[PDB]
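Just so we're on the same page: letters track the sequence lines, and every chain starts at 1. All heavy atoms count here, side chains included; hydrogens, waters and symmetry mates do not.
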There are 4 protein chains.
Amino acid sequence: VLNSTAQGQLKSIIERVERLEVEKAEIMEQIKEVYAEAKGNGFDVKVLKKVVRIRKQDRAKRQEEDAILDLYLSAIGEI
Amino acid sequence: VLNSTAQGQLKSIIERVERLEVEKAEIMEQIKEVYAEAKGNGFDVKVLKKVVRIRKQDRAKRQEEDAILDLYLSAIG
Amino acid sequence: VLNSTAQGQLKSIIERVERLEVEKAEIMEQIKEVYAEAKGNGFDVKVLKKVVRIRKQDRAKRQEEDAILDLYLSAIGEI
Amino acid sequence: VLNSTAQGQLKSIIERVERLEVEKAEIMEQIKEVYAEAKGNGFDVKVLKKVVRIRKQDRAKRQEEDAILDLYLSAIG
């Protein structure tokens with residue numbers, strides 16, 4: 001079971017994690033606000049999110065996969 | 001081709017978003033460090049994560065939902 | 001690149017996968033219908049889905065995890 | 001405690017759902033077997049899955065969206 005010490009520790013784990021989860025939500029909300037402003041100024045949010053997605057990935061692997069993709073699409077007449 | 005105005009604003013958007021994402025990554029890292037510390041003290045990280053998930057809903061509705069679960073589980077043997 | 005043979009193969013992969021994905025959607029829709037009927041007859045859908053969830057998991061691991069869970073919850077006064 | 005009526009219907013619901021789930025599992029297995037076969041013939045399963053995902057949307061809007069992407073990617077260098 002959990003003793004006085006372990007009980008105290010457990011409480012701290014939950015409280016610490018919960019505080020951080022709140023901060024994570026604040027950041028997530030701020031990111032949503034940025035996209036909201038961008039949409040208001042005429043930018044395509046979906047495309048913006050893909051730009052951020054692409055920039056996260058390794059360039060070498062991204063360019064290689066995009067190459068194989070174009071091959072398959074044109075093979076079945078899609079690009 | 002986007003003009004200088006749209007170009008300059010596009011860069012600021014991506015730069016800003018990417019900044020928040022790193023800030024979010026830091027927070028996610030801190031959450032891992034707590035669970036990693038807990039695991040070191042003999043805690044079950046998987047169970048801990050569920051407790052946090054459980055605590056998102058109030059205790060009343062929690063036990064009410066679980067009462068129906070046991071009612072169903074006992075009914076089907 | 002893709003030759004005549006590989007091009008023919010690729011087309012078959014996409015068509016075969018796409019047909020199966022359609023069937024997967026039919027099943028998923030049928031599952032939704034069952035829950036719709038259950039809800040109509042007074043059953044809590046959320047609880048039902050958890051019953052199916054529990055029954056999928058290994059009983060030994062499930063019972064062990066549920067045991068550790070009750071320990072932690074009562075330690076911080078939640079159960 | 002649920003009565004005989006609610007009990008009997010509860011069992012049928014879970015039994016039915018669980019049956020559909022296995023049927024769904026079979027279909028998911030068949031999809032894996034195709035990709036496993038494709039990989040054997042030298043295809044890239046990850047790319048194949050994207051093609052199926054791409055084909056869900058029509059070619060017109062596809063290339064329209066990608067045109068904006070390149071416009072944005074070139075603007076930010």
- line: Smallest heavy-atom separation, B:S74 atom then B:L71 atom, equals OG-O, 3.1 Å
- line: On a heavy-atom basis, the closest approach of D:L20 and C:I27 is O-CG2, 3.2 Å
Do [X] and [Y] have side chains that approach each other closer than 4.5 Å (heavy atoms only, starting at C-beta)?
X     : Y     : answer
B:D66 : C:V47 : no
B:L10 : A:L48 : yes
C:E78 : B:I54 : no
B:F43 : C:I68 : no

- request: Could you walk me through whether A:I79 and A:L69 pass the side-chain contact (heavy atoms from CB on, under 4.5 Å) test, one step at a time?
  value: CA-CA 10 Å; A:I79 186 68; A:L69 178 57; over 6 Å; no
- request: Apply the side-chain contact (heavy atoms from CB on, under 4.5 Å) test between D:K49 and each candidate in D:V45, D:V51, D:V52; give the one that qualifies.
  value: D:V45
task: Quick one: do B:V34 and B:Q30 satisfy side-chain contact (heavy atoms from CB on, under 4.5 Å)? Show the steps, please.
output: CA-CA 6 Å; B:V34 175; B:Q30 291 172 266; 5.8 Å; no
Is [X] atom [atom1] crowded by more than 12 heavy atoms from other residues, nucleotides or ligands, each under 6.0 Å away?
X     : atom1 : answer
B:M28 : CE    : yes
A:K61 : NZ    : no
C:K46 : NZ    : no

field: Value rounded to 0.5 Å, distance of CD in D:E18 from CD1 in C:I31
entry: 11.0 Å
- prompt: Going from CZ on B:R19 to OG on B:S12, what distance comes out if it is rounded to the nearest 0.5 angstrom?
  reply: 13.0 Å
- prompt: Quick one: salt bridge (charged side-chain N to carboxylate O under 4.0 Å, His left out) partners of C:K32, sequence neighbours excluded?
  reply: C:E29
- request: Following the transitive rule for hydrophobic clusters with a side-chain heavy-atom cut-off under 4.5 Å over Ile, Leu, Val, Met, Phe, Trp and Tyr, establish whether C:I14 and C:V1 coincide in one cluster.
  value: yes
field: Salt bridge C:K24-C:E21, side-chain N to carboxylate O under 4.0 Å
entry: yes
task: Give the intermediate values and the outcome of side-chain contact (heavy atoms from CB on, under 4.5 Å) for residues B:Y72 and C:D44.
output: CA-CA 10 Å; B:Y72 287 5; C:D44 193 334; 4.2 Å; yes
- prompt: Side chain of C:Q63, backbone of C:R59: donor and acceptor closer than 3.5 Å?
  reply: yes
message: So does B:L2 get a backbone contact from the side chain of B:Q7, meaning a donor-acceptor N/O pair under 3.5 Å?
response: no
message: I'd like to know if the side chain of C:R62 pairs up with that of C:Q57 as donor and acceptor (distance under 3.5 Å, no hydrogens or angles considered).
response: yes
- prompt: Given the rule in the side-chain contact (heavy atoms from CB on, under 4.5 Å) test, do D:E23 and D:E26 qualify, once you have shown the distances and angles that lead to the verdict?
  reply: CA-CA 5 Å; D:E23 290 181 351; D:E26 173 55 29; 5.7 Å; no
- request: Could you list the residues that satisfy side-chain contact (heavy atoms from CB on, under 4.5 Å) with A:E37, not counting sequence neighbours?
  value: A:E33
